[PDB]
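Single-structure report; data block below.
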Amino acid sequence: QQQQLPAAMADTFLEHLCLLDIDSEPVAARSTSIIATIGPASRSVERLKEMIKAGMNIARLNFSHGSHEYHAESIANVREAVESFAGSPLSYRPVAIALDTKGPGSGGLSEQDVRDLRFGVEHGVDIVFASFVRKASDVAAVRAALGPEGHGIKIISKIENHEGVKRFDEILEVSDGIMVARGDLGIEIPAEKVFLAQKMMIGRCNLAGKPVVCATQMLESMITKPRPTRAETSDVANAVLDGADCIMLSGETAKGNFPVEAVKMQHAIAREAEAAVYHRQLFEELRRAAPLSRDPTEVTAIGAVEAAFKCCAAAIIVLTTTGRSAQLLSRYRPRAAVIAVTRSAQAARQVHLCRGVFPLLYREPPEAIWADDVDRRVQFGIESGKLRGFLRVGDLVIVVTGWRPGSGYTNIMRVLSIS
Amino acid sequence: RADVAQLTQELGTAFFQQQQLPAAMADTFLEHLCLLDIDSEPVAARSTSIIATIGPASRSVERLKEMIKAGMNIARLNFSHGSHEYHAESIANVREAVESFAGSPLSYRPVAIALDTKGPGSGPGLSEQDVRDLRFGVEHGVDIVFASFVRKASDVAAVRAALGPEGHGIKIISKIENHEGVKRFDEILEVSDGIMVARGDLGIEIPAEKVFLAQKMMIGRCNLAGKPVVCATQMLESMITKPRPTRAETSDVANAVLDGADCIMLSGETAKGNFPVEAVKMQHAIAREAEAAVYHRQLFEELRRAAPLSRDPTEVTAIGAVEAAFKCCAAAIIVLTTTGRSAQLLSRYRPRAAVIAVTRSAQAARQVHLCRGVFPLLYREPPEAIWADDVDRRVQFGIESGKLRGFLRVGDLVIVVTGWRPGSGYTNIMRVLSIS
Amino acid sequence: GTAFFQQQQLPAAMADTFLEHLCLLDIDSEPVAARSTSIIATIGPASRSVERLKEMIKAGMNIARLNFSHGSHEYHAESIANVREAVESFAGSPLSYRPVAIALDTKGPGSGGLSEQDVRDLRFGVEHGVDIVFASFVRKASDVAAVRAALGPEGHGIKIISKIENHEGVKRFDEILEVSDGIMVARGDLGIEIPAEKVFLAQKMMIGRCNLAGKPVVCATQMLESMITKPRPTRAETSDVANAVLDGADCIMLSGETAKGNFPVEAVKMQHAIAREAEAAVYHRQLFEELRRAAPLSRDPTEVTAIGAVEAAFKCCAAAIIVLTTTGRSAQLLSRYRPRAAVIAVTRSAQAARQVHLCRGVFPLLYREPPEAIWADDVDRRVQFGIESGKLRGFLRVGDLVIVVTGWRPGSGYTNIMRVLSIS
Amino acid sequence: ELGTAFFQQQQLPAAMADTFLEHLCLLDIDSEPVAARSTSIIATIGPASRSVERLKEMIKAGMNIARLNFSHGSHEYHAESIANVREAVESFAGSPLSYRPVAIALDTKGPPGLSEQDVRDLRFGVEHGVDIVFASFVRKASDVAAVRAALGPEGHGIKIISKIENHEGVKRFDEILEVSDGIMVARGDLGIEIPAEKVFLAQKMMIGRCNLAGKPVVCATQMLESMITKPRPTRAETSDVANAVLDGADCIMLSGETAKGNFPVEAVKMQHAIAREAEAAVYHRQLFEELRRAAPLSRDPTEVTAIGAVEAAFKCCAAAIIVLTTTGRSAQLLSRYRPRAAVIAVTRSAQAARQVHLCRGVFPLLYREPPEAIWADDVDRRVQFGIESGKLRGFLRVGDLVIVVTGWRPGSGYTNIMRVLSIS
Ligand SMILES: Nc1c(O)c(S(=O)(=O)O)cc2c1C(=O)c1ccccc1C2=O
Ligand SMILES: O=P(O)(O)OC[C@H]1O[C@](O)(COP(=O)(O)O)[C@@H](O)[C@@H]1O
Ligand SMILES: O=P(O)(O)OC[C@H]1O[C@](O)(COP(=O)(O)O)[C@@H](O)[C@@H]1O
Ligand SMILES: O=P(O)(O)OC[C@H]1O[C@](O)(COP(=O)(O)O)[C@@H](O)[C@@H]1O
Ligand SMILES: O=P(O)(O)OC[C@H]1O[C@](O)(COP(=O)(O)O)[C@@H](O)[C@@H]1O
Ligand SMILES: O=C([O-])C(=O)[O-]
Ligand SMILES: O=C([O-])C(=O)[O-]
Ligand SMILES: O=C([O-])C(=O)[O-]
Ligand SMILES: O=C([O-])C(=O)[O-]
Ligand SMILES: [K+]
Ligand SMILES: [K+]
Ligand SMILES: [K+]
Ligand SMILES: [K+]
Ligand SMILES: [Mg+2]
Ligand SMILES: [Mg+2]
Ligand SMILES: [Mg+2]
Ligand SMILES: [Mg+2]
C-alpha cells in the first residue's frame, strides 16, 4: 500500500524503519510549510508565481540586506503574484509575509530593528523572525516595538547562540514559535553540537504545541547546482522527521541560480518524509505528554484527532477565527489534513506556521441564520477539498465547530460522510 | 507531573488523591499496583451491574425495595426451580417495587428482568421445557434470557427461534458451562448478545483449577468484542449462612471486576440465603473499590490498539468522546439512545466518566444495565414540535438529573453524544459542555 | 517442536498486549514447569502425625508454620520433631530429598510493642533452630528491630517476615519492608481492622512493592476455607489462589485447612494444582520488562550477574538456572526477576535450603558431600548434582540449555559468573 | 558512588527518559561526551591522503578503515597506497597507547554480472591481503556469489560488503543481505538511479534491516562534500553525519573529502567529533528493548551470552565489555545489541582486529604474547591485557566494573561465559 502504510502499522520503531518502501508513493498533501527568502533572484512577479506553484507558503524578507524601499517592492510583487490566482480557489493559496530582523549586533533591541519592525506593521506583515533572541525580555521589546497596531503579528524567536539555547524555556513561553537559526548557532556553539540543539528545540516546541522552523544551509549547494547533495536531501527529510513545522530556504532562493528548483526539492522531500513519520508512536507520545485540560477547544481537538485516526479520515475541517482551533489540532500531528476555513486573511496566512494546516480563505456571502452560515463554511471546506484532491465521495471527515459565534468557543466534533 | 500540574492546581490535590488517581497516573502496571491506596476513597457511581437471583428469600415487595436500594440492577429468575405461576408472582413483585420509585428521575431506577433457562439436560439441543419457559418469558415481557449450557452457535439460533417474532428485542446471554462451550466460544459469542461465565457447572465439567483461565479468557474476548460478560456463581457463597464473606470471596468479586466483567451475579446468596440484602450491599461496596483500581491507562491503550479501524460513525464518535472525557476528567458522557447501542459503544472503551444514557425506550433502559458504566434515564415527555429542541430537552434532562443526583457539579465538563437525524443508527456528534 | 510452543500458555506468553494475552489463555494448554509458588501449611492436630506429614510433603508442602497463638512450647517442640522426622525419612535419596522450612508465627502484642510471651517464644525458636519468624501485628520499623533483638546473636540467620494486619502496618509499609526480610499479607486480621472490601487493594499494593524490592511476600488466610470441612473448594477460593499467584505472591498459605480441617493433604494438592496453572498464565513479557525498568542500577556483582543470567535464560528458553549459594542470596536475586526457568539452588547449608522456599521459583537442593580439595572440582561436582537432581525430578532433559551461576572464590557474596551449558 | 557529575555527562538525563519525545527534550549541548567514538570512519585514500606523513595524521584524527577506489588509479598506484597505510600504521607499534589497527578495503569499479576488471582487482586484493571488499552495484544474491567465488582459494576470510546503488538492489535487499557480510548505502549512484528525495527512505530501511540482522552497515557519499574545498562543513552536512549514526550506521565514510580534497585530515576530525556527540544521543532504552524483542530466540551460546553480557553492562554502567575473539564473531554479537559500554576485543588475529572496525563500538586489541601451556592462564593473561590497555587508554580505572566474555574451551565458536569483574 501507498503513503508508507505498511511501515505505519509496525509494532516497533525498528520494524517501522525496516518496512519503509521507496515504491510506496506519497498520497497526502505536503504538510510542512516552505519558507522562501525573497531577494534579487526571486523578486519578479513572474518568478514569484512559479515559486507559489512550486510550493512556497511563507515569503521571508531579510532586513540584514536591502532597504525599506527594496523590501516594500518585494512585498508588493509577492502580493501581486498571490492575487493573480484569486480568480479560482483551486489556484488560490494564501502566502504569509515574514520580516526577519537584522538583530542586536554589539548589543537589546537595536534602533534599526525598531524602524524595521515599524515598517513591518505599516506594510501589514504577518510574522516577525526576531534575530538573536537570548532572553524573554528580548521578545517583550520586539512586541513593544510592534505597538498596538501589530498585536496580531506572530513573533518567531530565532535561537542563534548559547544563551538562547540555555534560556530556551523562558523564550518559548513568551514567543509564538521558534526558529532554529543554524547559521549563527553553528558559529556560536561547536558545529558538531547544532543537531542536539535542533532536535531538543523541535521536541520542546512539539510538546508545547508551538511552531518550530528549521533553517539555514538545508539545500546550500543548490545556490550554484541544479541538484542538491545526498547530505542536503537527508537534512531536509530529517528536519521533517524531527518534527519541524516549517523548513526554510535562504541563499537558495534569495540569490541562487535555482530558486524555483530549490522550492520544488523541499516540497518533494517533505512529502516523502511526512509519509515516513511513525504516527503510532508519535501520537501516543504526544497524547501522553500533553497535559489534562478543561479548555473545550483542547478537549475537542484531541477527540477529533483520535476520531480521525479511527476511521482513516481524509481530513479534519475546522472553522477558526484566529487559527487557534487549527493549531490545537496540528499539535497532535494527525495524518488527516487539517482544512482550516477562516474569514480572516491574516489568520489564513499565519496558519502556514502549523504543520498540516491547509488554510481556506472564505469569501462567500453570509447566511442570515448562524447555523446555516456554519454549514455553508463546512460545505465550502468539502468542495475545496474535493477540487484540490484532499477528498473524494465516500470519504469520512471530522468537522470541528463551536456552539456560538466568536473565537474561543470550539466544542463540537462531527463525523461526516462525503457526498 | 507536568501532564497533570495545571489540572491539579485547578481541581486540587484532594481530587487527585481519591478514586485511585495516583495509581491511575502510573507509567507501568507494577507501579500502578504499588500506588493502590486503601485511604483513596471511591467517588464515582458503581458501574458494574449486580444481578440478584429472586427466590424464596428475596420475593416480597418490601424485601425487593431494599434490594433495589442496596444496588440490584437485574433480577434473575431461575427456571430450574419454581413454576410459571411462582415466577410470574416474583416478576409482579419486582415491577411493583420498581414502580414505587417512579415519581421523579432522581428516585427512579429501572431493573431488568432476566430468565435463566433450566437447560438441555441429557439432550443435544433445546428442551421442550425450555421452549415453554422461553414462551412464558416473551408473554411476561422479560428483557434478557440467560441460556443454560450453550455449546455451539445452533443452540443460540434455537433459543432465538423459540422466542418468536414478538421476542426479537430480548437479549440472549449465552451461559458457557462446559468444555465444548469454551472450545466453540468464538462462534457462540458471534451470534450471542453476551456471555455468562457459569462457574458452577464449568467447575464440574472442567478441572476446578482451570476455571480462572476460562473466566479470564472469556472476559477478555467479550471486552475485545464490545459485548457484555457476566461473572457468576459462588462469588459470596458463605453469605448464604454468614453475615460477612470470606477473604477469598471479596477477592473473587474484586478480581471479576478487574478482569473486565460488565456484571457480577448472586445466586443462592439472594435466592435462598439468610442475608440477600447484605450480599447485594457487599457486591456494591467491592465493585466500587475495584472499578477505581482498574489501570485505565493500559486498558484504554490496549482497547484502541486491538479495536479495528471503523467507518461506522457511532463507533468513531464513541472513541472520540471517550478520549475527550479522559482529557478533561469529565464527570459524565451523556448519550441519547433508542436501542442502547450508542451507550454500548461508549462502554466498550471503559471510560472512567459515567455514561448517562437518555432513552424513551423502557426496555432499552432496563437492558443497558448489561453494559458496564451505563446509567439509564427513562425520558417520558412527549416529543417537541422541532426535533432539535426535543434533542436539547433530553440533553438538559440528563444534565439536571446528573446535578441533582450528584454525578455532576457546577464547573464540571461533560461530553454529550447525539446524532444529526432521528431514529437509531445515526449517532455522529460529540460536544464538550461546561456545567453552569 | 510445535507441541512445545502449545503447552504452558506459550501462545498467550507471545502476545503483544495484556488483553491479547488474556484472550489467548487456553484450558487445554497443560502446565509443564515445576510449581514455583511455595505452599506454607499450618501444623495442628489434623497434620501432626509423621505419616500424614510425609503425605503433605509429597503433595507439595514447602514450609510448616507453627502458630504460637495456640499450644505450649512442649506441643510446638513435638510438632518440630515430627516435621523433621517426616522430612528426614526421604534423606536416603539425596537427588529427590525435599527440604521443608519451619516457621514460627508469633502470638503478637495484643493490647500492648514486643510482648513478654513473644520474647520467650522467640528464644524457644532460636533454641529449636526455626528458619523463619512470621511476626504478628508489625506496625512500625521498631517492632522488627525488637523481634531481631529478641532472637539474639544466635538467631542472626533467622528470616523475619513481617505480618501486616492493621491500618498502621499498611500506612507504615515502606519503613517495615525496608527492615524486614519479607512480608505476609495477614488477611484475617486485616479484613477486621480495615473494611473487608479494601483488603484486595492492600494485598495487591504490598505484593507489588515486595516484587519491586525483591523481597518475599506471602498471601495468607481463608484461601481455601471451605476445604476445612468440604473435599472441594468454592469457585471464589480457586479464583483467590490463582489471583494471589498472578498478583506476584512468592508464597501462598493454608491455616485451618491444614491445622484442623478434614482435608489437609487435599488442600495442599489443590493449592499445588492451581498455582501451576496460574504460573503458566503469568504475562512474563510485561512482567520482566517492568521489573527490569524499575530495578535500579547496581554495582553489586551478584545483582549484575543475576539480571544477565535471567536475560540469557529467556533468550534460549533455558529449562533451569543452576545457582550455587551459601546463604540463598544469589538465588533470591535471580528470583526477583521472575524467570520462567526454574532456579535450582545447590547449597550445603541446610538452613539456606529451607529458607529459599520463601522465594518464588527457587528449588533447593541440599548437597551433603564433603568438599573436594580442589575448589574448582567441588564447584563442578555441585553443578553436576544440580543437573542429575534436575533430570531425576523432570526439570531437565538431554539437549536442554541451562544457565549456571557461580562465583570466583569460596564463601558467600562472590557470585559473578554466568555460563550457558548444554545438558548431556 | 559515581556522583551527580557522572550522570550529567554523555546525555545520561536524556538516556533515562521514559519516551522518545522526552529523550529529545532532554538533549543538552553542555552534556559532554565521555565514551570513546564507536562508529568507525572509512577514509578513501587517494592523491590528497597517500603520503606516509599524511596517513599518520589521518590515523591520529580517527581513520579506522582505508578505502581504495578501484574506479581510479592502477594496481601499482593502489599497492603503493596500501604499503604507505601499513607503514603509517606500524610507525605507532612502539606505543600501546597510540597503536591502532587499520583495515584495508577494496572498492570495486563495478559491472550483466561480474566484470573482467573486477575479477582482476579482486585477485589483486587477495594477493595484497585486503580485509574487506566493497562490491559495487550489487543487484541480486548471485552477484555476491560471483564476488565470493572470485575471492579464490586464499580470500574466503575477506568480508564482502554489498553496495546497494540502484532500484534492483533495494528491491532484492533481503536476498542480498542474507548472503553478504554487510551493506553499504552507496548514496551517490542510488541518488541518480532512484529519485533523490527517496534516498533517505532506502538509507533508513537498509540500516534498520542490517541492525535487525546483526550485520554491519556503512553510510556513504557526500556526508561532508563541501569540505573538499572548504575548511568547515555546512549545517546540512553535520546534520547528515549525526543522523546516519542516530539511524544505526556501524560506519560512516569519506570519499572525495579525503581522496582528492584540500582538507582530508579535517574531514576525518569532523566525522570523529560529530559521531561522538551523536552516539551519546542514542536512545538506548528503546533501542535495546526493540533489538531484544525483534531478535528471535536462540540456542547458540555465543548469542545467548552476548545478550546477557549487554544486559549486565547496562545494569552497572560498565566501563567496558572485554571479549576474547579469534574471528571477531563474539564481538560482533555483542555489538548487535548496541551496548553503551565499549566492546574491547582481544584477539591474536591481525585480520580479525582490522575487520572488527566494521562493527559499531568494537575496539580491537591485537595480542601477540606466546601462548601459555595452561589454557586458563592464557585466558586470564588476555583478560588482564584488555584491562591494562583499557586503563592506559582511559576506558578504565580501579574500582570500575567490567563485563568479561569468554568460552569454556579454546577455539572459535564456544563463547558461553559472562563474568562481572571489579577493576583492581
Ligand atoms: N576523482 C577521485 C574520486 O572522486 C574518488 S572518490 O569518489 O572519492 O572515491 C577517489 C579517487 C579519485 C581520483 O581521481 C584518483 C586518482 C588516482 C588514484 C586514486 C584516485 C581516487 O581514489
Ligand atoms: O479557532 P478560534 O479562533 O477559536 O475560532 C473558532 C470559532 O469559530 C466558530 O466555529 C464560528 O465562529 P464565527 O461564526 O464567528 O466565524 C466558533 O463557533 C468558534 O469559537
Ligand atoms: O443508540 P441508537 O439506538 O443508535 O440511537 C441513537 C439515536 O438517537 C438520536 O440521538 C436521537 O434519536 P431520536 O430523536 O429518534 O430519539 C439519533 O440522532 C441517533 O441516531
Ligand atoms: O549466594 P551467596 O550466599 O552469596 O553464595 C554464593 C557463593 O557460592 C559460591 O558459588 C561457592 O562457594 P562455596 O564453595 O564456599 O560453597 C561462591 O563462589 C559464591 O560467592
Ligand atoms: O569470537 P570467536 O571467534 O568465536 O572466538 C571466541 C573464542 O575465544 C575464546 O574465548 C578463547 O579461545 P582461544 O584460547 O582459542 O583464543 C574461546 O573460549 C571462544 O570460543
Ligand atoms: O539568521 C539565520 O537565519 C541563521 O543564522 O541561520
Ligand atoms: O448455571 C449456572 O448459573 C452455573 O453453573 O453456575
Ligand atoms: O495472623 C494471620 O495469619 C491473619 O490474621 O490472617
Ligand atoms: O559507489 C559509491 O560509493 C556511491 O555511488 O555512492
Ligand atoms: K536577518
Ligand atoms: K438454570
Ligand atoms: K499467630
Ligand atoms: K568504486
Ligand atoms: Mg543569523
Ligand atoms: Mg449451570
Ligand atoms: Mg492475625
Ligand atoms: Mg557508486
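Protein chains in written order, with the deposited numbering: chain A, 26 to 132, 232 to 543; chain B, 10 to 132, 231 to 543; chain D, 21 to 132, 232 to 543; chain C, 19 to 129, 231 to 543.
Ideal Cβ placement from N, Cα and C applies to all residues, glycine included.
D/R328 belongs to the set of residues whose beta carbon lies under 8 Å from a beta carbon in chain B.
Annotated as distal: D/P483 and D/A461, with beta-carbon spacing of 8 Å or more. Residue contact check for C/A392 against chain A: a CB pair falls below 8 Å. Taking C-beta atoms as the reference points, D/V387 and D/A66 fail to come closer than 8 Å.
In the three-state DSSP reduction, A/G128 falls in the coil class, being neither helix nor strand.
Checking the 7 Å criterion, the Cβ of A/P529 is within range of a heavy atom belonging to ligand 2. Of all alpha-carbon atoms in A/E287, A/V524, A/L39, A/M537, the one lying nearest the alpha-carbon of C/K323 is that of A/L39. 8 Å or more divides the Cβ of A/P31 from the Cβ of A/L42. Bounds of the beta strand (DSSP E) holding D/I463 are 461 to 466. Taking 9 Å as the Cβ-Cβ cut-off, the segment 346 to 375 of chain A approaches chain C at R351, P352, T353, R354, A355, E356, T357, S358, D359, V360, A361, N362, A363, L365, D366, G367, given in chain order. With a beta-carbon spacing of about 4 Å, B/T534 and B/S449 fall inside the 8 Å limit used to define contacts.
Taking C/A269 as the centre and dropping the five residues before and after it, the same chain places the C-beta of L233, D237, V238, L241, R242 closer than 8 Å to its C-beta, in chain order. The beta carbon of C/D366 is closer than 6 Å to those of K323, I326 in its chain, skipping five residues each way along the sequence. Considering only C/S454, C/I542, C/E294, C/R412, the residue with the shortest C-alpha distance to D/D36 is C/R412. Legend: CB atoms of the segment 430 to 451 of chain D lying less than 9 Å from CB atoms of chain C belong to residues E430, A431, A432, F433, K434, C435, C436, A437. Distance between B/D359 and D/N330, taken at the CA atoms: about 22 Å. Relative to the non-hydrogen atoms of ligand 2, the Cβ of A/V498 comes within a distance shorter than 7 Å of at least one. Counting along the chain, the unbroken beta strand (DSSP E) around B/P483 starts and ends at 481 to 485. Exclusion of the five residues before and after C/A332 leaves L296 as the residues of its chain whose Cβ lies within less than 7 Å of its Cβ. Nearest CB-CB separation between C/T424 and chain D: below the 8 Å threshold. Under DSSP, the beta-bridge partners assigned to B/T62 are B/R85.
Our two residues, C/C436 and C/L520, have alpha carbons roughly 8 Å apart in a direct line. Looking at C/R473, C/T445, C/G480, C/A469, the one whose alpha-carbon comes closest to that of C/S454 is C/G480. Annotation for C/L410: no beta strand (DSSP E) segment contains it, though the alpha helix (DSSP H) segment containing it runs 403 to 413.
Within the same chain, and ignoring the five residues on either side of D/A265 in sequence, the residues whose Cβ sits closer than 7 Å to its Cβ are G232, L233. For the C-beta of A/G427, the chain B residues within less than 7 Å are, from N- to C-terminus, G427, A428, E430, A431, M537. Rounded to whole angstroms, the separation of the alpha carbons of B/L477 and B/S468 is 15 Å. For the segment 353 to 399 of chain B, the continuous alpha helix (DSSP H) assignments of 4+ residues that do not extend past its boundaries occur at 354 to 366, 375 to 378, 383 to 399, in sequence order. In the DSSP assignment, C/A339 falls within the unbroken beta strand (DSSP E) covering 336 to 339.
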